[PDB]
$ cat coords31.cif   # mmCIF, C-alpha atoms
data_work
loop_
_atom_site.group_PDB
_atom_site.id
_atom_site.type_symbol
_atom_site.label_atom_id
_atom_site.label_comp_id
_atom_site.auth_asym_id
_atom_site.auth_seq_id
_atom_site.Cartn_x
_atom_site.Cartn_y
_atom_site.Cartn_z
ATOM 1 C CA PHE A 138 -150.693 -61.739 81.964
ATOM 2 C CA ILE A 139 -150.092 -65.472 82.569
ATOM 3 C CA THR A 140 -147.236 -67.825 83.463
ATOM 4 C CA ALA A 141 -147.159 -71.621 83.588
ATOM 5 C CA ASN A 142 -144.657 -74.220 84.770
ATOM 6 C CA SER A 143 -144.262 -77.987 84.743
ATOM 7 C CA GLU A 144 -141.687 -80.474 86.001
ATOM 8 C CA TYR A 145 -141.347 -84.240 85.711
ATOM 9 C CA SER A 146 -138.558 -86.208 87.391
ATOM 10 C CA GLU A 147 -138.394 -89.994 87.193
ATOM 11 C CA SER A 148 -135.802 -92.423 88.524
ATOM 12 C CA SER A 149 -135.179 -96.162 88.568
ATOM 13 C CA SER A 150 -132.718 -98.374 90.430
ATOM 14 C CA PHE A 151 -131.968 -102.094 90.429
ATOM 15 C CA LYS A 152 -129.469 -104.350 92.217
ATOM 16 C CA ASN A 153 -128.956 -108.108 92.019
ATOM 17 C CA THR A 154 -126.490 -110.339 93.879
ATOM 18 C CA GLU A 155 -125.971 -114.067 93.324
ATOM 19 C CA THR A 156 -123.732 -116.092 95.649
ATOM 20 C CA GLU A 157 -122.761 -119.757 95.280
ATOM 21 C CA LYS A 158 -120.554 -121.706 97.677
ATOM 22 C CA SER A 159 -119.440 -125.321 97.595
ATOM 23 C CA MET A 160 -117.289 -127.379 99.952
ATOM 24 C CA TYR A 161 -116.359 -131.038 100.014
ATOM 25 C CA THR A 162 -114.051 -133.066 102.256
ATOM 26 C CA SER A 163 -112.970 -136.676 101.704
ATOM 27 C CA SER A 164 -110.969 -138.630 104.285
ATOM 28 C CA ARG A 165 -109.726 -142.198 103.882
ATOM 29 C CA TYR A 166 -107.840 -144.172 106.540
ATOM 30 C CA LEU A 167 -106.496 -147.417 105.059
ATOM 31 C CA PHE A 168 -104.767 -149.775 107.521
ATOM 32 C CA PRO A 169 -103.903 -153.039 105.764
ATOM 33 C CA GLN A 170 -102.708 -156.263 107.323
ATOM 34 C CA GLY A 171 -101.791 -158.349 104.307
ATOM 35 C CA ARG A 172 -103.257 -160.569 101.637
ATOM 36 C CA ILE A 173 -104.750 -164.070 101.756
ATOM 37 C CA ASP A 174 -104.722 -166.318 98.681
ATOM 38 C CA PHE A 175 -106.650 -169.447 97.748
ATOM 39 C CA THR A 176 -105.426 -171.828 95.055
ATOM 40 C CA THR A 177 -107.541 -172.426 91.955
ATOM 41 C CA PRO A 178 -107.461 -175.863 90.267
ATOM 42 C CA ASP A 179 -106.085 -174.229 87.111
ATOM 43 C CA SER A 180 -102.954 -173.306 89.081
ATOM 44 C CA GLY A 181 -102.007 -176.976 89.350
ATOM 45 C CA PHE A 182 -100.607 -176.637 92.865
ATOM 46 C CA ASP A 183 -101.072 -179.459 95.348
ATOM 47 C CA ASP A 184 -102.716 -177.244 97.973
ATOM 48 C CA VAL A 185 -106.015 -176.488 96.254
ATOM 49 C CA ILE B 186 -79.981 -169.364 99.888
ATOM 50 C CA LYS B 187 -81.363 -172.809 99.105
ATOM 51 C CA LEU B 188 -84.358 -172.822 96.793
ATOM 52 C CA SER B 189 -87.420 -174.472 98.271
ATOM 53 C CA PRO B 190 -87.956 -178.022 96.954
ATOM 54 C CA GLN B 191 -91.402 -177.121 95.618
ATOM 55 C CA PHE B 192 -90.031 -174.343 93.409
ATOM 56 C CA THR B 193 -87.285 -176.606 92.064
ATOM 57 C CA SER B 194 -89.841 -179.333 91.345
ATOM 58 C CA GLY B 195 -92.022 -176.785 89.573
ATOM 59 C CA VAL B 196 -89.091 -175.722 87.407
ATOM 60 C CA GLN B 197 -88.276 -179.345 86.576
ATOM 61 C CA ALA B 198 -91.901 -180.095 85.686
ATOM 62 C CA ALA B 199 -92.086 -176.979 83.512
ATOM 63 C CA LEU B 200 -88.940 -178.016 81.654
ATOM 64 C CA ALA B 201 -90.316 -181.569 81.334
ATOM 65 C CA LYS B 202 -93.141 -180.519 78.994
ATOM 66 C CA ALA B 203 -93.216 -181.998 75.502
ATOM 67 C CA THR B 204 -93.277 -178.812 73.416
ATOM 68 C CA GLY B 205 -91.575 -175.461 73.821
ATOM 69 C CA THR B 206 -94.859 -173.588 74.159
ATOM 70 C CA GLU B 207 -95.977 -175.882 76.981
ATOM 71 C CA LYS B 208 -92.658 -175.252 78.733
ATOM 72 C CA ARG B 209 -93.066 -171.502 78.306
ATOM 73 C CA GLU B 210 -96.632 -171.470 79.624
ATOM 74 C CA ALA B 211 -95.715 -173.631 82.618
ATOM 75 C CA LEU B 212 -92.818 -171.288 83.393
ATOM 76 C CA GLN B 213 -95.135 -168.290 83.082
ATOM 77 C CA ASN B 214 -97.540 -169.837 85.581
ATOM 78 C CA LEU B 215 -94.695 -170.751 87.929
ATOM 79 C CA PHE B 216 -93.222 -167.254 87.961
ATOM 80 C CA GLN B 217 -96.680 -165.711 88.276
ATOM 81 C CA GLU B 218 -97.149 -167.792 91.411
ATOM 82 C CA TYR B 219 -93.622 -167.494 92.846
ATOM 83 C CA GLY B 220 -92.446 -164.074 91.651
ATOM 84 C CA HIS B 221 -89.878 -162.834 89.175
ATOM 85 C CA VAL B 222 -87.406 -161.175 91.567
ATOM 86 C CA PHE B 223 -86.086 -161.798 95.071
ATOM 87 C CA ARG B 224 -84.816 -159.143 97.487
ATOM 88 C CA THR B 225 -81.257 -160.012 98.497
ATOM 89 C CA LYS B 226 -80.393 -156.819 100.399
ATOM 90 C CA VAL B 227 -83.039 -155.136 102.539
ATOM 91 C CA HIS B 228 -82.944 -152.281 105.031
ATOM 92 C CA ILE B 229 -84.937 -152.699 108.233
ATOM 93 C CA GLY B 230 -86.445 -149.906 110.278
ATOM 94 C CA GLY B 231 -89.336 -147.486 110.212
ATOM 95 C CA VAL B 232 -90.251 -144.567 107.956
ATOM 96 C CA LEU B 233 -93.055 -142.036 108.413
ATOM 97 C CA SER B 234 -93.956 -139.516 105.714
#

$ encode --input "coords31.cif" --output "structure tokens"
Amino acid sequence: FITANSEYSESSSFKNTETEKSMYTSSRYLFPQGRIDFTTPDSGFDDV
Amino acid sequence: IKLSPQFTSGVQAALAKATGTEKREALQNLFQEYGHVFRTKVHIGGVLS
């Protein structure tokens, strides 16, 4: 004499992305010409 | 090659010290100021790397 029905459908979804980037550049141009010296009194040299 | 008179005088003064340790320290100073080696054969030119 009677019929009954029930349904229950549940769903879940999840996504997660993490991105990290890093860059570094270092340039050095070294163009020497020479060295200059001064004489300290402790050296004992006549040019002081 | 003739040694410069100043270097020879420095050597003589270093060897003129009273005690051996004074001689050694004077020689150390002299070679710190004048160098320990001399280049007697050298190649001239240009090099790029």

$ residues_around --input "coords31.cif" --residues "residue 215 (chain B)" --least-positions-apart "2" --cutoff "9 Å" --atoms "all atoms listed in the file" --output "PDB file with C-alpha atoms, in the frame of the given file"
ATOM      1  CA  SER A 180    -102.954-173.306  89.081  1.00  0.00           C
TER       2      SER A 180
ATOM      3  CA  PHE B 192     -90.031-174.343  93.409  1.00  0.00           C
ATOM      4  CA  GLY B 195     -92.022-176.785  89.573  1.00  0.00           C
ATOM      5  CA  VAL B 196     -89.091-175.722  87.407  1.00  0.00           C
ATOM      6  CA  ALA B 199     -92.086-176.979  83.512  1.00  0.00           C
ATOM      7  CA  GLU B 210     -96.632-171.470  79.624  1.00  0.00           C
ATOM      8  CA  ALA B 211     -95.715-173.631  82.618  1.00  0.00           C
ATOM      9  CA  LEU B 212     -92.818-171.288  83.393  1.00  0.00           C
ATOM     10  CA  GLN B 213     -95.135-168.290  83.082  1.00  0.00           C
ATOM     11  CA  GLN B 217     -96.680-165.711  88.276  1.00  0.00           C
ATOM     12  CA  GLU B 218     -97.149-167.792  91.411  1.00  0.00           C
ATOM     13  CA  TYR B 219     -93.622-167.494  92.846  1.00  0.00           C
ATOM     14  CA  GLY B 220     -92.446-164.074  91.651  1.00  0.00           C
TER      15      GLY B 220
END

$ closest_residue --input "coords31.cif" --among "A:153, A:177, A:159, A:148" --to "chain B" --atoms "all atoms listed in the file"
A:177

$ atom_distance --input "coords31.cif" --atom1 "CA of residue 200 (chain B)" --atom2 "CA of residue 174 (chain A)"
26.0 Å

$ closest_residue --input "coords31.cif" --among "A:154, A:181, A:138, A:168" --to "chain B" --atoms "all atoms listed in the file"
A:181

$ resolve_selection --input "coords31.cif" --expression "the PyMOL selection byres ((chain B and resi 186) around 12)" --output "MDAnalysis selection string"
chainID B and resid 187:189 223:225

$ atom_distance --input "coords31.cif" --atom1 "CA of residue 206 (chain B)" --atom2 "CA of residue 184 (chain A)"
25.3 Å

$ atom_distance --input "coords31.cif" --atom1 "CA of residue 190 (chain B)" --atom2 "CA of residue 216 (chain B)"
15.0 Å

$ build_atoms --input "coords31.cif" --residues "region 213-228 of chain B" --atoms "N, CA, C and O atoms" --output "PDB file, in the frame of the given file"
ATOM      1  N   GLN B 213     -94.385-169.511  82.815  1.00  0.00           N
ATOM      2  CA  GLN B 213     -95.135-168.290  83.082  1.00  0.00           C
ATOM      3  C   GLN B 213     -96.018-168.455  84.308  1.00  0.00           C
ATOM      4  O   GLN B 213     -96.067-167.576  85.174  1.00  0.00           O
ATOM      5  N   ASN B 214     -96.719-169.585  84.402  1.00  0.00           N
ATOM      6  CA  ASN B 214     -97.540-169.837  85.581  1.00  0.00           C
ATOM      7  C   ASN B 214     -96.686-169.906  86.839  1.00  0.00           C
ATOM      8  O   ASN B 214     -97.046-169.340  87.880  1.00  0.00           O
ATOM      9  N   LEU B 215     -95.542-170.585  86.758  1.00  0.00           N
ATOM     10  CA  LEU B 215     -94.695-170.751  87.929  1.00  0.00           C
ATOM     11  C   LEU B 215     -94.174-169.415  88.433  1.00  0.00           C
ATOM     12  O   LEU B 215     -94.172-169.161  89.639  1.00  0.00           O
ATOM     13  N   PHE B 216     -93.728-168.548  87.529  1.00  0.00           N
ATOM     14  CA  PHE B 216     -93.222-167.254  87.961  1.00  0.00           C
ATOM     15  C   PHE B 216     -94.334-166.280  88.314  1.00  0.00           C
ATOM     16  O   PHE B 216     -94.088-165.325  89.053  1.00  0.00           O
ATOM     17  N   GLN B 217     -95.547-166.492  87.803  1.00  0.00           N
ATOM     18  CA  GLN B 217     -96.680-165.711  88.276  1.00  0.00           C
ATOM     19  C   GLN B 217     -97.060-166.105  89.691  1.00  0.00           C
ATOM     20  O   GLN B 217     -97.594-165.283  90.441  1.00  0.00           O
ATOM     21  N   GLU B 218     -96.805-167.350  90.068  1.00  0.00           N
ATOM     22  CA  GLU B 218     -97.149-167.792  91.411  1.00  0.00           C
ATOM     23  C   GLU B 218     -96.022-167.588  92.411  1.00  0.00           C
ATOM     24  O   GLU B 218     -96.291-167.436  93.607  1.00  0.00           O
ATOM     25  N   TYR B 219     -94.770-167.571  91.956  1.00  0.00           N
ATOM     26  CA  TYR B 219     -93.622-167.494  92.846  1.00  0.00           C
ATOM     27  C   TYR B 219     -92.894-166.162  92.808  1.00  0.00           C
ATOM     28  O   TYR B 219     -92.101-165.891  93.711  1.00  0.00           O
ATOM     29  N   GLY B 220     -93.132-165.338  91.798  1.00  0.00           N
ATOM     30  CA  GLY B 220     -92.446-164.074  91.651  1.00  0.00           C
ATOM     31  C   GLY B 220     -91.353-164.135  90.604  1.00  0.00           C
ATOM     32  O   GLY B 220     -90.889-165.201  90.192  1.00  0.00           O
ATOM     33  N   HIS B 221     -90.932-162.953  90.166  1.00  0.00           N
ATOM     34  CA  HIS B 221     -89.878-162.834  89.175  1.00  0.00           C
ATOM     35  C   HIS B 221     -88.576-162.315  89.751  1.00  0.00           C
ATOM     36  O   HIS B 221     -87.533-162.477  89.115  1.00  0.00           O
ATOM     37  N   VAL B 222     -88.602-161.710  90.935  1.00  0.00           N
ATOM     38  CA  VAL B 222     -87.406-161.175  91.567  1.00  0.00           C
ATOM     39  C   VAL B 222     -87.436-161.526  93.045  1.00  0.00           C
ATOM     40  O   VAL B 222     -88.491-161.820  93.611  1.00  0.00           O
ATOM     41  N   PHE B 223     -86.261-161.527  93.657  1.00  0.00           N
ATOM     42  CA  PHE B 223     -86.086-161.798  95.071  1.00  0.00           C
ATOM     43  C   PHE B 223     -85.192-160.722  95.668  1.00  0.00           C
ATOM     44  O   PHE B 223     -84.178-160.353  95.075  1.00  0.00           O
ATOM     45  N   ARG B 224     -85.558-160.220  96.840  1.00  0.00           N
ATOM     46  CA  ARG B 224     -84.816-159.143  97.487  1.00  0.00           C
ATOM     47  C   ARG B 224     -83.657-159.744  98.269  1.00  0.00           C
ATOM     48  O   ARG B 224     -83.870-160.456  99.252  1.00  0.00           O
ATOM     49  N   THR B 225     -82.429-159.443  97.850  1.00  0.00           N
ATOM     50  CA  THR B 225     -81.257-160.012  98.497  1.00  0.00           C
ATOM     51  C   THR B 225     -80.563-159.054  99.452  1.00  0.00           C
ATOM     52  O   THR B 225     -79.738-159.501 100.251  1.00  0.00           O
ATOM     53  N   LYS B 226     -80.856-157.760  99.389  1.00  0.00           N
ATOM     54  CA  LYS B 226     -80.393-156.819 100.399  1.00  0.00           C
ATOM     55  C   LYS B 226     -81.554-155.922 100.782  1.00  0.00           C
ATOM     56  O   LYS B 226     -82.115-155.240  99.924  1.00  0.00           O
ATOM     57  N   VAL B 227     -81.900-155.904 102.064  1.00  0.00           N
ATOM     58  CA  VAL B 227     -83.039-155.136 102.539  1.00  0.00           C
ATOM     59  C   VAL B 227     -82.618-154.338 103.760  1.00  0.00           C
ATOM     60  O   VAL B 227     -81.780-154.773 104.552  1.00  0.00           O
ATOM     61  N   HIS B 228     -83.189-153.150 103.894  1.00  0.00           N
ATOM     62  CA  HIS B 228     -82.944-152.281 105.031  1.00  0.00           C
ATOM     63  C   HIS B 228     -84.144-152.339 105.957  1.00  0.00           C
ATOM     64  O   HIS B 228     -85.283-152.201 105.510  1.00  0.00           O
TER      65      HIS B 228
END
